[PDB]
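pasting an experimental structure, sequence included:
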Amino acid sequence: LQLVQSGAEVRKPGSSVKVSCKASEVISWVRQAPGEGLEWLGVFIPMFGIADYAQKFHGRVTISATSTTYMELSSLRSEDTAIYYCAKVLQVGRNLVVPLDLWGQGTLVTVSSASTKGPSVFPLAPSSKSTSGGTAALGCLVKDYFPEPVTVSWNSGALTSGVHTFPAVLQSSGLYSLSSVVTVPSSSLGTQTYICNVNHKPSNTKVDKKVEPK
Amino acid sequence: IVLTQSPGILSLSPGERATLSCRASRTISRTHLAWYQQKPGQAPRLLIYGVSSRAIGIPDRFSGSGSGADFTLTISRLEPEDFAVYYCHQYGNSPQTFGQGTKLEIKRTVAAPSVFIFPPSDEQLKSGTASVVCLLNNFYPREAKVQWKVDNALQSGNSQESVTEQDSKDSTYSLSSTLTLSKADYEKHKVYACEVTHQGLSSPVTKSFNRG
């Protein structure tokens, strides 16, 4: 079938994280920082029973192995905040040709001194300064939450076109902030109700914010 | 074994052919290179394994060639589902390195942004801070510049930007910039302006407001 990984993790600087990857060939562990490329942590083949690492992580990574492989990263720093994937590259045979890649869903690991906190949902209210011709813009500022991620919809999903939910930024306080905007006809600002639905599952915070002009 | 991919950002139209180069600083053993594709919010999909050999489900449009220190991934005819980031990856007798990736964006007509500005909400002001948001909506190309001005004083280092992925319909980009002030600093001034520079703009566009 597939590869299943353990859930997301929040760790403080200097501690350790153990990420699991259960199977339904070598097992490779790679990671990706937000908005960054792919970085190979290591690999473990059960034939020998010995894993190979990267010289960058050689001191503090341990890969080992019920059909489950574990990757433990020690002395965690902020640079290690990333999504971690396990992967198996298996060879298939059909039509006498030999290829297939299997990935886990990924495990978000956030290294930070910050404590988990739900966001504040402020309105980005429409005005004469946020209308071009007949189209106005309005949104929601989802500020000061931790950790990633947060989901935003509009009108319980009924409003999808013209929607732009931007990637969050990491503020200097260690808390994330995001904005979700939408453009609607300006003639509707008084007649149509617009609500952003914000869900921050890590803190189990749910907010429905009605955005009105003035 | 550092891997350098080229070009950085490839801007083509659906129906043209795409050529992506991966140049290494060594030998890459022999038949130990792979090409993966990645779409925003998904895990990488192995496109080509072992330089030449294809992967299951990968159409015939994708082709891997080259050897030694120069390799190439070719897409015969680009379809809308082919625009993403592409990585090359060597896994032979090395600490297994990756390339930095190349972005395949849909080329389209230069489109200027729609610039809006949002003052802080009274709730946030009651909370103690103040955020002023500037929105550049549906522009192309991705490169754009914003500058904050509080009472004609240029703001430096107290704002943060974010850009959307390329829109699947009109192939544009959007950007939001947040300027963060204290409530006291916000109430000390009046004119808050967002100045925008983009290729599609004949003039830099200023969206401003006054407190009140």
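Great, that's in hand. Numbers count the residues shown, from 1 in each chain, chains lettered A, B, ... in the order given.

next, residue B:68: phi, psi?
phi 90, psi -110 (degrees, to the nearest 10).

quick check: the closest residue to it other than its chain neighbours vs residue A:66, distance?
Among residues not flanking residue B:68 along the chain, residue B:27 sits closest, at 6.5 Å (C-beta to C-beta, 6 or more residues apart in numbering or on different chains). C-beta coordinates here come from the backbone N, C-alpha and C atoms, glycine included. Remark: distance between residue B:27 and residue A:66 (C-beta to C-beta, to the nearest Å) = 40 Å.

between these two, which has more neighbouring residues?
residue B:27 (15 against 6; other C-beta atoms under 10 Å in any protein chain shown).

is it true that that one touches residue B:70?
No - between residue B:27 and residue B:70 there is no contact under C-beta atoms under 8 Å: 11.3 Å.

residue closest to the middle of chain A?
Centroid-nearest residue in chain A, with C-alpha atoms, centre = their mean: residue A:149, separated by 5.4 Å.

so what's that residue up against?
When contacts are counted by C-beta atoms under 8 Å, 6 or more residues apart in numbering or on different chains, residue A:149 touches A:108, A:168, A:200, A:201, A:202.

so which helix or strand takes in it?
Assigned by DSSP states H and E, residue A:149 belongs to neither a helix nor a strand.

quick one on the thing from earlier: so the residue nearest to residue B:68 belongs to a strand, correct?
No - under DSSP: H, G, I helix; E, B strand; the rest coil, residue B:27 sits outside any strand and is assigned coil.

that one and residue B:173, how far apart?
39 Å.

residue B:41 now?
For residue B:41 relative to residue B:173 (C-beta to C-beta), the value is 16 Å.

across the sheet, point out what pairs with the closest residue in space to residue A:143 that isn't next to it in sequence.
Nearest non-adjacent residue to residue A:143, counting by C-beta to C-beta, 6+ apart: residue A:177, 4.6 Å away. Residue A:177 has the following beta-bridge partners by DSSP bridges: residue A:143, residue A:169.

what number of residues lie near residue A:177?
So residue A:177, with other C-beta under 10 Å, has 23 neighbours.

so which of the contacts of residue A:149 comes closest to residue B:105?
residue A:168 (22.1 Å; C-beta to C-beta).

so the closest one touches residue A:151, yeah?
No - here residue A:168 does not reach residue A:151: they are 11.4 Å apart, not a contact under C-beta under 8 Å.

those two - which one has more neighbours?
Shown here are residue A:168 and residue A:151; by other C-beta under 10 Å, residue A:168 has more neighbours (22 against 14).

what's the domain layout of chain A?
A:3-111, A:120-211 (curated CATH domains).

wouldn't residue A:193 be in contact with residue A:210 here?
Yes - contact criterion C-beta under 8 Å: residue A:193 and residue A:210 qualify, at 6.4 Å.

so where does the residue lying closest to residue B:132 once chain neighbours are set aside fall, helix or strand?
Distance criterion C-beta to C-beta, 6+ apart; nearest residue to residue B:132, sequence neighbours excluded, is residue B:179 at 4.6 Å. Element membership for residue B:179, per DSSP H and E: strand B:173-182.

only alpha carbons, please: show that strand as CSV.
Output of strand B:173-182 as CSV, limited to C-alpha atoms (Å, rounded to 0.1, in the frame of the first residue of the first chain):
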residue,chain,number,x,y,z
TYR,B,173,0.6,36.4,-9.0
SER,B,174,-0.6,38.3,-5.9
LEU,B,175,1.3,39.8,-3.1
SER,B,176,0.4,41.1,0.4
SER,B,177,2.7,43.3,2.5
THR,B,178,2.1,44.0,6.2
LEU,B,179,3.5,47.0,7.9
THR,B,180,3.5,46.7,11.7
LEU,B,181,3.4,49.7,14.0
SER,B,182,2.6,50.2,17.7
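
so which residues make contact with it?
By C-beta under 8 Å, 6+ apart, strand B:173-182 touches A:141, A:164, A:166, A:169, A:171, A:177, A:179, A:181, B:113, B:128-142, B:144, B:146, B:148, B:150, B:155, B:158-164, B:166-167, B:192, B:194.

so what are the sheet partners of it and their directions?
strand B:129-139 (antiparallel), strand B:159-163 (antiparallel).

which other residues reach the helix or strand just after that strand?
Of the helices and strands lying after strand B:173-182 in sequence (DSSP H and E), the nearest is helix B:183-188. With contact meaning C-beta under 8 Å, 6+ apart, helix B:183-188 is reached by B:120, B:125, B:128, B:129, B:130, B:211.
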